[PDB]
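Residues: numbered from 1 along the sequence shown.
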Amino acid sequence: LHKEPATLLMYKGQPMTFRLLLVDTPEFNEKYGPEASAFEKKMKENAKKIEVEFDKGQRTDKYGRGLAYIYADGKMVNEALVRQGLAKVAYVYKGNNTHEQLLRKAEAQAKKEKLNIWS
C-alpha cells in the first residue's frame with residue numbers, strides 16, 4: 001500500500017468524493033452527525049498536507065466514491081474519528097481491510113472511555 005497526495009478532494013487533478021474506508025460516521029441527520037463532520041473538516045483544513053491511501057481491493061463503491069484511508073499530516077482521519085467515538089468500525093467480509101485491527105483498537109479505547117457514540 002502507498003499514500004498519494006491530494007489537496008482541498010482534488011486527486012490527480014480531479015475532484016472526487018471520498019469515503020472513509022472501514023469506518024461509519026453517523027450521517028448529518030443523526031446524533032453525533034454534526035460533530036463527526038465538524039471533527040473531520042477541521043482536521044482536513046488545518047492539515048499542512050493531505051494524503052489518500054487505497055487498499056488492495058476495489059477503489060470505488062457503487063456510488064462512484066473513493067474507498068480510502070485519508071491522512072492529515074501523517075495522521076489517519078479514519079482512525080482519529082473512530083478514537084473520538086465519532087465513527088464505528090464498519091463491517092467488511094474481505095478485501096479492503098488492511099487497517100482493521102488498528103481501527104478496532106481505537107474503537108475499544110473510545111468505547112471504554114465512553115466517548116460520544118458510546119454513552
Side-chain angles (χ1 to χ4, degrees):
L1 296 193
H2 65 119
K3 292 176 194 176
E4 314 179 43
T7 78
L8 230 45
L9 301 168
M10 271 291 142
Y11 174 71
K12 296 248 174 294
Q14 235 80 341
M16 16 194 319
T17 315
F18 278 91
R19 164 184 187 172
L20 290 177
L21 249 182
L22 275 168
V23 308
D24 284 328
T25 53
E27 190 61 260
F28 83 87
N29 65 307
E30 293 171 326
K31 204 164 155 230
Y32 304 108
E35 288 84 354
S37 301
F39 182 83
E40 160 160 10
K41 184 191 195 269
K42 187 167 185 200
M43 190 178 173
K44 292 176 210 124
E45 274 156 359
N46 298 348
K48 231 52 207 86
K49 226 95 170 227
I50 299 301
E51 287 172 318
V52 283
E53 172 182 76
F54 297 103
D55 211 316
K56 63 181 166 52
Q58 295 147 256
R59 296 208 161 196
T60 292
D61 72 9
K62 288 180 68 189
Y63 296 98
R65 296 185 289 185
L67 297 176
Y69 303 119
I70 299 172
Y71 295 94
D73 303 326
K75 171 36 147 141
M76 199 199 301
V77 170
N78 316 37
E79 162 184 53
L81 276 161
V82 172
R83 175 54 183 83
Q84 280 322 285
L86 290 177
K88 279 192 210 149
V89 178
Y91 180 71
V92 181
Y93 185 76
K94 72 191 159 106
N96 279 336
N97 68 2
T98 301
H99 300 313
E100 185 173 22
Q101 290 308 302
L102 186 47
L103 295 177
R104 291 294 185 185
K105 183 154 101 250
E107 197 177 64
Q109 266 310 115
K111 198 176 299 132
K112 99 159 184 263
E113 299 176 20
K114 259 174 271 205
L115 303 180
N116 294 298
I117 287 175
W118 321 102
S119 90

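- In this structure, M43 and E40 have side chains that are not in contact, with every pair of non-hydrogen atoms separated by 4.5 Å or more.
- Of all non-hydrogen atoms in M16 and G66, the two that sit nearest each other are CE-N, 3.5 Å.
- For the side-chain contact (heavy atoms from CB on, under 4.5 Å) test with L21, the passing option among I70, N97, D55 is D55; the others fail.
- Summarising the geometry, atom CE belonging to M10 is positioned 14.5 Å from atom CD1 belonging to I50; distances are rounded to the nearest 0.5 Å.
- To the nearest 0.5 Å, atom OH of residue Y69 and atom CD of residue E51 are 15.5 Å apart.
- The main-chain N or O of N116 is found under 3.5 Å from a side-chain atom of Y32 such that the two form a donor-acceptor pair.
- Checked against side chain to side chain contact (heavy atoms under 4.5 Å, CB included), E79 has the following partners two or more places apart in sequence or in another chain: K75, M76, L102, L103, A106.
- Of the inter-residue distances, the one linking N46 atom CG with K41 atom NZ reads 9.0 Å to the nearest 0.5 angstrom.
- Of all the heavy atoms in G85 and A110, the pair that sits closest is N-CB, 3.7 Å.
- Partners of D61 according to the salt bridge (charged side-chain N to carboxylate O under 4.0 Å, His left out) rule, which considers only residues two or more places apart in sequence or in another chain, are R19, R65.
- Contacts of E35 classified as salt bridge (charged side-chain N to carboxylate O under 4.0 Å, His left out), with partners at least two apart in sequence or in another chain: none.
- Rounding to the nearest 0.5 Å places NZ of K88 at 5.0 Å from CH2 of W118.
- The number of heavy atoms from other shown groups lying within 6.0 Å of NZ (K114) does not exceed 12.
- Put simply, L81 and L8 are part of the same group of oily side chains (I, L, V, M, F, W, Y) that touch within less than 4.5 Å, one to the next.
- Within the 4.5 Å cutoff, side-chain heavy atoms of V92 are placed close to those of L22.
- In this structure, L1 CG and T98 OG1 are separated by 4.5 Å, a value rounded to the nearest 0.5 Å.
- Side-chain contact check for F18 versus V52: some heavy-atom pair is nearer than 4.5 Å.
- Distance check: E107 CD to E100 CD gives 10.5 Å after rounding to the nearest 0.5 Å.
- Closest non-hydrogen pair, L86 versus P26, comes out as O-CD, 3.2 Å.
- Between the side chain of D24 and the main chain of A87, no donor-acceptor pair closer than 3.5 Å is present.
- Using a cut-off of 4.0 Å between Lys/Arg side-chain N and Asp/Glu carboxylate O, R59 and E4 are scored as salt-bridged.
- Put simply, the side chain of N96 gets close to the backbone of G57: a donor and an acceptor are under 3.5 Å apart.
- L115 and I117 fall into different hydrophobic clusters, where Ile, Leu, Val, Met, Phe, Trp and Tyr are joined by side-chain heavy atoms under 4.5 Å apart, directly or via other members.
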